[PDB]
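For reference, the structure discussed in these notes is given below.
Below, each value reflects all heavy atoms present in this structure, side chains not excepted, and no hydrogens, waters or symmetry copies. Residue numbers start from 1 in every chain, and the chains themselves are labelled A, B, ... in the order their sequence lines are given, proteins ahead of strands.
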Number of protein chains: 6
Amino acid sequence: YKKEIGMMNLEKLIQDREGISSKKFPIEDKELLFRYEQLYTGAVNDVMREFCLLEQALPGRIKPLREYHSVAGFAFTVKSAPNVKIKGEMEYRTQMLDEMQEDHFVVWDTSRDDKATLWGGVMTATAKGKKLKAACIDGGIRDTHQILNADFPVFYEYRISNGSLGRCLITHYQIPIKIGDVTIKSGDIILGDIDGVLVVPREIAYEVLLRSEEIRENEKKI
Amino acid sequence: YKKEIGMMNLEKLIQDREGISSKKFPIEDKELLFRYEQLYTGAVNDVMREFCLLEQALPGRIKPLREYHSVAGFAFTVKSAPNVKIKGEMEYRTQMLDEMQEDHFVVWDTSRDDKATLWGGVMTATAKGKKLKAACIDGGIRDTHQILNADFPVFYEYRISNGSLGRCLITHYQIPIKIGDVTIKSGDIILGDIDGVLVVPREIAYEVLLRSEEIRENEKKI
Amino acid sequence: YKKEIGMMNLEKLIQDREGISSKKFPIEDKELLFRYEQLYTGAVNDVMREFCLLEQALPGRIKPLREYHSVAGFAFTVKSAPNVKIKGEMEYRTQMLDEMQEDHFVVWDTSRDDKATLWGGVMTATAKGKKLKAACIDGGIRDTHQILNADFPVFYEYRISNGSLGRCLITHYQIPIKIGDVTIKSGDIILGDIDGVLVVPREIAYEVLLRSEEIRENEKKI
Amino acid sequence: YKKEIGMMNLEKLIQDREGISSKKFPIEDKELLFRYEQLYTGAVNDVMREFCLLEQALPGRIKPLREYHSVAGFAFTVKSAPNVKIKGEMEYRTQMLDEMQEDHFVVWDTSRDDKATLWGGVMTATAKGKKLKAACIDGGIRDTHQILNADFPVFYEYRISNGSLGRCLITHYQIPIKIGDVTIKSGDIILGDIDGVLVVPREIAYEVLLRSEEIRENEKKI
Amino acid sequence: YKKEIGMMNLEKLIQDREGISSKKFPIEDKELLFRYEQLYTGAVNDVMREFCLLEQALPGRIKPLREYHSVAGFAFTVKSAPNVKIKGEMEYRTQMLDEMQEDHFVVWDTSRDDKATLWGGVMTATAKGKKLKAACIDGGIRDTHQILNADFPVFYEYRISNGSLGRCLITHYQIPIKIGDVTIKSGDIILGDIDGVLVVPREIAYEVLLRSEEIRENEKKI
Amino acid sequence: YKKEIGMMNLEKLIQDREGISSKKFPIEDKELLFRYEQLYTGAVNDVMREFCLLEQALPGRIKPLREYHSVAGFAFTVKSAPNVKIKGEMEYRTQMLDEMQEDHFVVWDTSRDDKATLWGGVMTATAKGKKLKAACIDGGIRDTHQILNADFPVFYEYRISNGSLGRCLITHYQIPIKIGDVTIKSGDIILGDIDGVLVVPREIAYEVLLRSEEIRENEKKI
């Protein structure tokens, strides 16, 4: 069964699922992020309803470590799963850390891991030093005293003392991932605040920003 | 099959489930609420055990937005469910808002909706202006910065940025509803604090109050 | 807040979610259904992957009462939710039954009701007399001896003896509904067999049929 | 805190929860059971709705091992929970088996145990020899080849090969138990068939029987 | 079937599951606890990985009432389950309270009770007076205003106003219990902080302490 | 943080988790499997209790497609997870199929995938041609008509028509995996029947067989 794939017509599907938008914005990247941070997630969420997008929020199990005001960044996706295997990983993890840059917003698909943590004090200190914006973990975190002391926004599901080593393995990073109902791609605009994490597709990020600001200004006057 | 309903004897069931108590209290409504707010929910819960009522608390998934002291009000019930249909609703929603009065305590059955919110900044500002006591949502809330700034007690399950429009529809209000194990009827005494939300049937609300105060005074002396 | 809806641009969303396809097929309706019944659900599922549709199957909790071969029909959608209210309903239910016609495939959204049943012996006998194709209930069924004796395909979640009266209420029918990840609209082609229930959007039903038959013939020769 | 219990008025609660009905029936016990076995569980369920009883069915997770016709018996309640402790138990188990008599219907509350089984080949052979009617286990069973060969009706949740020894312990038997929404007391009439298990309180069992038979005869003529 | 147990060889299993370590430490008990309280749970968790122990943390559903720094104590295990039976209990409860001593850390297996609470204001005041270290409840708590005012560390799952009386019963205490993936025995070292509760087997508690301190000192220098 | 791993002592952990037993049996492989197929899973499960092994059964969500008698094979482990990424996989899948040999028993960890299937008609026909014994999928299957016609034992969780392509990706095979509470390694003896799937560690497989046969013979005489 290698002729079965050739019997299929998957070119349109591969482009739809694995295609990444290299679209440039009419404004600077930091200006785009700063202007998004002047909006609530609910307001941006309602705007994307007008674009017929109803499943852009991370699931309700995701909660912020503090009652944050809006923080915006560009998606850096990570994919892991519970795994008994221990060896390896350094090749994936060390290469992954080198690709994390300033203004990245980590979005981590843990394959619904409920036993271990994927983000702790070392990851937080590394992300702070690289000037990342925040991290959204669909799973466990630990070393929360160190995380709080670092003043680094973190969105998570639960907290436990079990480490990742010997319990999970990273399999991919900077690929499209799916958490809850929303698909996240590298470079998407990620917005998080007191009411969770929101995903804005990069192709409409500038248009969604202008529409959200336009709604915000009309509400004050009306 | 319209003779099947006539073949049934449902008069006793309809009165038991849909019957509303129009009982008046020997004291003023605001005095009843104020005296209930001098009691912990656990103390009132134990008293209703003596009335053979073991399922009067909202389920443990309900949590307060702040570590509230006791807040009491009269139940204003709302019923919604996830729904793809968008149009309509204004007839239900505008009529519903007009019936919300001072000292009401909103109890919202969302049909276990886990994707959208039913209570946000607009509902909170509306409830504050009408001098409602609190709101208990078996589901999602958003605009939490606005909710906290309004100093309005809110009990909820989760937080997410998805709005209700296009994801849920209100089907009924001011009818008997069931959340978890407890049935809530309009006019029931609703008590909420740091340990969740409690339902006191209106027919025994005054007797439960006197018994709870009597227990409270005997504990101090013994 | 009635100017807020006028401040929104929801025309595109309403058409996308509530729009129904009145597309006619190049073949007779019964020929379309019969040709779909010569295909497995997995084969039709793989074809819609080529259309970039990955969430067209009813959730895995849906199981067939018997190990059926493929049965196809046109979607008749029903929406209900758990409800304490008893009175009314006849207006909704009697009008609903009159609209069920030959070759309809009932798809019932129960709002994840886990306490009562929505389909029993009376509904089955009614559906058999009207020459419906099958029924898919995202919830409970009962009178299974009568259902099996009627030779009527039924897909369901669980079985329990609690009836719908006094525990649930129908709120809508023949509207778009959402069960699991898939949205079902009236007139969609519904295909069910031993491996669950599948939804084919009416707008591509004829093209999906030809592609599925083309794949089936190429597999035999290769 | 031993004066706190004396400060409470729990006599009414203890009688309501722990009181057992010693009511005799106007007919023989075996005639009562045989006449109940001529009715479907859904029909008896609807009759108890007229008695304002809406939560008399075992939860939908309970399923029959075979598509049984109606089997009726008198409730023999058992209570266990997952437990690491191994020693003891014989005092509880041997005394428990001696109290199982003819026409008993075992209803087993396992405290939602999902790791081990409470009913296997030895219990089935013991129940067959004592002429019990059936067994309803809110948990796991095993030795299913032996159970099927014994022709003994069994209602259960799941099947697994883990035994009870070293994983669970029986703590009580012949006491009131609660499974799902229904409370079961010793001597209650237990009815099970293809659509699950149903509980009829002993105090109304004869009146429910006459009403169910009356409904059944009126349906045939109308 | 009393020869079946004699046919089994369970001596090794009984010693493994019910055996309690009476090992003495080379240092004072309070010095062992104080030195453990200078470590984070994640650091001690990683050390026990070197001992091939990967399931020593309480499940992620356990959360602290406050963002505690490390608190350590010796395990006092309690086992309860939901139960309709009310009478008795005083014999178990009064004897249980007398055995709670200074520096005990209560670990309570509630058999996954989701309806009632096992720890409130009276238990907290009793534990404070006996100089217990903390309490970990795999279930509900109430009287949280009193708990917070007592400055007593509490780890829990949810909060609700339903009391234990009439809804649960204690069946055992000071026996081996299992919560989530971890087995807890009396005398085990229990460590809790902002990231949950951790179990250190008493037999390796001193060796785990020295290794954790050795790792901590090497990290500062490297 | 590459010195942190060198600061750890993980050699004992890696050998415990990733070590594979190359132990040879005193009898032929097919004789070992045939003699295991003369035993029920519950009997072998009880024997491993004497070895202090209480978590050797696959979780209760695993069910057989037919009421099988005992089938035994050597574990061939597979690991996958839900994934949006489509490309690749052939390198993993084609190499994986070449390593499947006669008398293998596939045990598939899907990372709790609830949306897609991992085993269908093509995998079944491939496994039949290679003379595999059975397949245990902790997830979805499809093409069940083809599976039943092939007379190939299959243990699974649910059935759905969604294929694996575009919804999951295989990441590892022939590594240690963990499903539920049990860890499965390549070469372990896998036993499945009407009551689920059981894992016998290869190091004790021959001793467990002799003890199980000894118990079986003593039961007939006593």
Side-chain angles (χ1 to χ4, degrees), chain C residues 117 120-122 141-149 159-163, chain D residues 21 23-51 53 56-58 60 62-77 100-108 119 124 127-137 147-148 150-156 179 182 184-221:
Chain C
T117 61
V122 175
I141 65 174
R142 62 175 187 170
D143 308 329
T144 310
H145 287 300
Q146 293 80 349
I147 299 179
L148 291 169
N149 187 33
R159 307 203 297 266
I160 201 177
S161 57
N162 290 335
Chain D
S21 176
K23 187 176 186 178
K24 302 182 182 62
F25 310 108
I27 59 182
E28 288 293 81
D29 280 19
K30 290 186 174 300
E31 179 178 341
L32 180 78
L33 297 182
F34 178 82
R35 290 166 66 173
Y36 261 108
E37 292 174 344
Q38 314 309 314
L39 301 161
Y40 298 94
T41 51
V44 176
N45 194 296
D46 293 345
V47 161
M48 283 187 298
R49 277 206 303 240
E50 303 179 356
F51 292 78
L53 301 181
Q56 297 301 132
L58 276 293
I62 298 300
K63 53 183 181 177
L65 188 55
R66 285 290 184 265
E67 297 180 341
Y68 303 119
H69 297 276
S70 292
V71 48
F74 300 105
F76 186 96
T77 59
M100 295 181 177
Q101 311 292 347
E102 179 174 353
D103 290 329
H104 263 151
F105 197 140
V106 170
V107 185
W108 199 309
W119 195 273
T124 298
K128 277 287 296 188
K130 295 173 175 293
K131 291 185 173 59
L132 271 68
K133 292 308 287 289
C136 177
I137 314 295
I147 299 179
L148 291 169
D151 193 34
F152 182 80
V154 169
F155 305 83
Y156 69 104
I179 304 177
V182 60
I184 310 100
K185 296 184 176 182
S186 297
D188 283 346
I189 276 67
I190 307 299
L191 185 65
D193 73 342
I194 192 174
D195 293 320
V197 185
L198 186 60
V199 179
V200 185
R202 187 182 186 91
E203 322 85 52
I204 65 175
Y206 185 68
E207 182 177 11
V208 167
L209 177 64
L210 301 182
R211 176 56 174 165
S212 302
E213 295 172 331
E214 165 178 273
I215 288 293
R216 177 192 61 193
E217 302 306 312
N218 297 339
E219 290 181 346
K220 305 172 184 176
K221 307 170 185 178

Taken in chain and number order and not counting sequence neighbours, the residues that satisfy side-chain contact (heavy atoms from CB on, under 4.5 Å) with D/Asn218 are B/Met7, D/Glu214
Under the side-chain contact (heavy atoms from CB on, under 4.5 Å) rule, collect the residues that match up with D/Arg66, sequence neighbours excluded. D/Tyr68, D/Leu148, F/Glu67
Does some side-chain heavy atom of [Y] sit less than 4.5 Å from a side-chain heavy atom of [X]?
| X | Y | result |
| --- | --- | --- |
| D/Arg35 | D/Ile27 | yes |
| D/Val208 | D/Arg211 | no |
| D/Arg202 | D/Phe74 | yes |
| D/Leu58 | D/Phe155 | no |
| D/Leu33 | D/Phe105 | no |

Any donor-acceptor N or O pair under 3.5 Å, side chains D/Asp195, C/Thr144: yes
Taking [X] for the side chain and [Y] for the main chain, is one N or O donor matched with an acceptor at less than 3.5 Å?
| X | Y | value |
| --- | --- | --- |
| D/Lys23 | D/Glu203 | yes |
| D/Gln56 | D/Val199 | yes |
| D/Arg216 | D/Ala43 | no |
| D/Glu50 | D/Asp46 | no |

Residues which pass side-chain hydrogen bond (donor to acceptor under 3.5 Å, both in side chains) with D/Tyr156, listed by chain and number, not counting sequence neighbours: D/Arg159
